[PDB]
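A short write-up of the structure that comes next.
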Amino acid sequence: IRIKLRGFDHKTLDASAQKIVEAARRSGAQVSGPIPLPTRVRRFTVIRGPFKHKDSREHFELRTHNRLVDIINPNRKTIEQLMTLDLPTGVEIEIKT
Amino acid sequence: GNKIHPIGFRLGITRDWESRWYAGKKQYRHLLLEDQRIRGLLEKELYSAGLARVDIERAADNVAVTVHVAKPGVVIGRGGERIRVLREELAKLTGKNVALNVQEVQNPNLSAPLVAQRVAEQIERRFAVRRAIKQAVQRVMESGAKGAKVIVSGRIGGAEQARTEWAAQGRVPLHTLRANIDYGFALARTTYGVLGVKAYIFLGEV
Amino acid sequence: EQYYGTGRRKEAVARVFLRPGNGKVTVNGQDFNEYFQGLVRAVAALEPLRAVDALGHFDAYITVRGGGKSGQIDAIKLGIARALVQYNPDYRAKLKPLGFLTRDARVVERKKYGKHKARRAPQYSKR
Amino acid sequence: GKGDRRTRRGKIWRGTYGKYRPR
Amino acid sequence: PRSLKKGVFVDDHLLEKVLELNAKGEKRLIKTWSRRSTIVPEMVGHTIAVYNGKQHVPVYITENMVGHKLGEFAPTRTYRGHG
Amino acid sequence: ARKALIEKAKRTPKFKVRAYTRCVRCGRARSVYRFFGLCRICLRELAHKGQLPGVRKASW
RNA sequence: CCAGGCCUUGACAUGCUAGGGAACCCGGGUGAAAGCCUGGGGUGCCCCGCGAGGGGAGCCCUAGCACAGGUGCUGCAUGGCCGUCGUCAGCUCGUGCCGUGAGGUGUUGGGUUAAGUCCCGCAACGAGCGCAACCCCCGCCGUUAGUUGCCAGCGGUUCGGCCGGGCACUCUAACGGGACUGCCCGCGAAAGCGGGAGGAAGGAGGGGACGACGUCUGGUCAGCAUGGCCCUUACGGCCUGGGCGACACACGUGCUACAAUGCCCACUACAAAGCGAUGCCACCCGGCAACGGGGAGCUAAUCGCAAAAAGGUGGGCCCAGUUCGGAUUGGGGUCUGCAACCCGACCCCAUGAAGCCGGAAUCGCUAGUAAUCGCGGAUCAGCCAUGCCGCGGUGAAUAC
Ligand SMILES: [Mg+2]
Ligand SMILES: [Mg+2]
Ligand SMILES: [Mg+2]
Ligand SMILES: [Mg+2]
Ligand SMILES: [Mg+2]
Ligand SMILES: [Mg+2]
Ligand SMILES: [Mg+2]
Ligand SMILES: [Mg+2]
Ligand SMILES: [Mg+2]
Ligand SMILES: [Mg+2]
Ligand SMILES: [Mg+2]
Ligand SMILES: [Mg+2]
Ligand SMILES: [Mg+2]
Ligand SMILES: [Mg+2]
Ligand SMILES: [Mg+2]
Ligand SMILES: [Mg+2]
Ligand SMILES: [Mg+2]
Ligand SMILES: [Mg+2]
Ligand SMILES: [Mg+2]
Ligand SMILES: [Mg+2]
Ligand SMILES: [Mg+2]
Ligand SMILES: [Mg+2]
Ligand SMILES: [Mg+2]
Ligand SMILES: [Mg+2]
Ligand SMILES: [Mg+2]
Ligand SMILES: [Mg+2]
Ligand SMILES: [Mg+2]
Ligand SMILES: [Mg+2]
Ligand SMILES: [Mg+2]
Ligand SMILES: [Mg+2]
Ligand SMILES: [Mg+2]
Ligand SMILES: [Mg+2]
Ligand SMILES: [Mg+2]
Ligand SMILES: [Mg+2]
Ligand SMILES: [Mg+2]
Ligand SMILES: [Mg+2]
Ligand SMILES: [Mg+2]
Ligand SMILES: [Mg+2]
Ligand SMILES: [Mg+2]
Ligand SMILES: [Mg+2]
Ligand SMILES: [Mg+2]
Ligand SMILES: [Mg+2]
Ligand SMILES: [Mg+2]
Ligand SMILES: [Mg+2]
Ligand SMILES: [Mg+2]
Ligand SMILES: [Mg+2]
Ligand SMILES: [Zn+2]
């Protein structure tokens, strides 16, 4: 009954995190909402110039945002139509039960 | 040398990555490296066509490479020809579903990487570096652009004392984030050494 | 029957419950004086009840998370004050002059690159 | 103390364990 | 040190040379690049030339100097003092 | 010692201890990040260009 | 980098000539390894193919020619990137006016501001790069969402939000609101300044991102790019060892201290940000211990790293070169790794140095700051990290 949504850009996560949840809310029946899990962040810090100059760095970050949606009351009308969904490139899905 | 790179400064606001896909810790590098191998090969061949933007998308063992260009015909070939001969060349390195598109550029004069690339050419052909820059800006502005700035550094005219010359017109608020700035860099080889060309185009704000 | 205000200070968050009773006060399942023993700074967390003569009138269930014992104390001091303002709206006078309703954004400043801390610069020698 | 391995405070400094700081 | 549960290390190739000579009766010269080795009881009385990076240093092994490494007897640095 | 070194770096060695990372883009032996495969210099160069997926400047 | 042993279209790219057979995997002699010598084993296609046999070319091998290769010199030939004055309030342009001309004007002048900030004035009138704003973190509130997170109520409760049950609260993470000198008194020509209120927040709210024209013939040919100059059985390359870790000395940045506002032992609290499938490793057992053998969970708001530490309670030490301080060394072990002699970390027994608050001189910090306390991460087999990038706990003094 479980849907997991994961991407680098959140504004395309929330697009797709709503879109999947609208689908199952259509073809029956229970949607436990888009619950936004904490983001896992990997910062990259680096000296700016190619040589010496230690006291000047730059900060980069990488945000792997998380989402979860629970379609509880299945209704296998959902089991076919999800297999056909428009989920943009920068996003991953994991399906469990 | 002080100023920030005005592209990387705008990511997630006015400008968007040229590699839009996800990957976990154990796979990221291997894909990213392919985009690296791919972009070189593409720009090795497609440099002629007037290459503007190399977009790469991914899902799972498949990839759509959207290429922007000023002469779409030289890219596509004879009736679907060149664009084909690359598809095979492409999936040779890729080993996967190489979907290679070609898109229109509705003005090379509003394309910063193009404006630069042309100037880098003109001075490879022994042309007046000062005059050529004022022209480069003069084109961009006549196409309605809001503002323009163009920079060449190096042994201009072969001069032994290296020099940085530049020109500009309109606005270029590089401190402003709600303002759209297209930036393109072009590196000109010559007999006396290499010069570098920087172009900044202010399209308009958001 | 119950009165709740949200108390924050630093990383410390306060869930405080005001209920008419003897004056018993509890934090995370222990008596106040057990959970804040030897902390001279504690007795002042139970200050806003003096602002409106509530020393005996209320009991308290209180959970607390984040920060430390004195950051947790200041959150509580805010929350029980926060909770009084609902139990009696007229209590706003004699709570604002004490600054008991206001919460300070005073938090640990970011360690900055090129420094030892947020501001401590590395020692320097010319000649 | 903080430099003295044979103490509690000492092994916390190193970030290791032993008889003088058990886990 | 070298973890007691494992072995007592000698570079395979050198051990053999000692043991070959043990049969025949020792001893010629033994030019080696085996500093990582252990002096080992079979080696006593031999004269081994250890490479210190520069030279092949002649070391007569004794009954007293056994548990050590070879390179402890081939100095890597030349130092006569200052001034 | 240069090109023979970026090349010696990929081939599987005489013992596995001798594995060292060389920045896959320019060949820098020092400051090579596992996640990207790059050196801190290239790290910044690709990123600034916007060719590093999901990567953006940190400001807090 | 140095010593020694070696390789010649070459560790590597793109081409051609011809020989083998293509390819790939397994071992052998010798030698420190490299290398040099060697013993194995079967090619697709598409083809005359029941037949000797023949090549094309996916590829390896071999004698040559191109050409490779150079962290060799030049940052005083260069691109790029960075430091820097300086987050300083500045630097210019168009036209007009002025001067023979360099140039001036505007940009000066009154006032105001963190600011060429805004106002008022003016042969000046506008425009531009900068300031500010737009972007991120934090402080208040709201909408949406309720598991792995939370438990206010009730009921079960083996006594653990453990089960029912709920999203109210804490939270998680996206979208909004809110602050503007907007209101009041007042001083002001104005811009603003002092004060008052409402408000979580007040006069740029705290911090961040962001660095004008230029300066330093600044830094980097050793990250990369690149002109040129230079080398070619070697200034290229492969290896084994050593050096980069030396030590009469001098300096820079640091760590730990000289102690009682302290040291030590036992029991006992409250963080945050991160990190983790030959990875973190709950728990059990062997061990004084580092660790070792078992073994569960977790692609992770679920499981783990994990104890936060200063703190609190109790007890010991009693002013001593000491129960301060933990260098130096002797002896014994664990681990990582092919390998810890030079030259790793860690554990244990013993050894217990200097040092009693530092000469001339000299550094940092204006508030959640300084001081003090612990935690993580990058690099990474291990680690010489007391370094660096962050994170919270406690939390000042002072500016006439
Ligand atoms: Mg010439
Ligand atoms: Mg008390
Ligand atoms: Mg702090
Ligand atoms: Mg430093
Ligand atoms: Mg300095
Ligand atoms: Mg001691
Ligand atoms: Mg101390
Ligand atoms: Mg090179
Ligand atoms: Mg290694
Ligand atoms: Mg490395
Ligand atoms: Mg220079
Ligand atoms: Mg120099
Ligand atoms: Mg330069
Ligand atoms: Mg003029
Ligand atoms: Mg005059
Ligand atoms: Mg005139
Ligand atoms: Mg003039
Ligand atoms: Mg001026
Ligand atoms: Mg002037
Ligand atoms: Mg003035
Ligand atoms: Mg300023
Ligand atoms: Mg202005
Ligand atoms: Mg004026
Ligand atoms: Mg709600
Ligand atoms: Mg004011
Ligand atoms: Mg700004
Ligand atoms: Mg110079
Ligand atoms: Mg170079
Ligand atoms: Mg060069
Ligand atoms: Mg060194
Ligand atoms: Mg000294
Ligand atoms: Mg130090
Ligand atoms: Mg010092
Ligand atoms: Mg003594
Ligand atoms: Mg060692
Ligand atoms: Mg002692
Ligand atoms: Mg003494
Ligand atoms: Mg004393
Ligand atoms: Mg002291
Ligand atoms: Mg002192
Ligand atoms: Mg003095
Ligand atoms: Mg200050
Ligand atoms: Mg780590
Ligand atoms: Mg480590
Ligand atoms: Mg050491
Ligand atoms: Mg540490
Ligand atoms: Zn690199």
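Note that the numbers count up from 1, one per residue, in the order the chain is shown.
The backbone N, Cα and C atoms fix where each Cβ goes, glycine too.
As annotated by Swiss-Prot, Zn(2+) binding site applies to F:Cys23, F:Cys26, F:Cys39, F:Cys42, with the evidence given as experimental evidence.
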Cβ within 8 Å of the Zn(2+) site centroid (F:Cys23, F:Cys26, F:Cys39, F:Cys42 excluded): which residues?
F:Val24, F:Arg25, F:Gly27, F:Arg28, F:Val32, F:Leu38, F:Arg40, F:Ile41, F:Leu43
Count, for each of the binding-site residues F:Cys23, F:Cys26, F:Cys39, F:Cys42, the other C-beta atoms lying within 10 angstroms of its own C-beta, and report the residue with the smallest count.
F:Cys26
In DSSP terms, helix, strand or coil for F:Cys42 (Zn(2+) binding site)?
helix
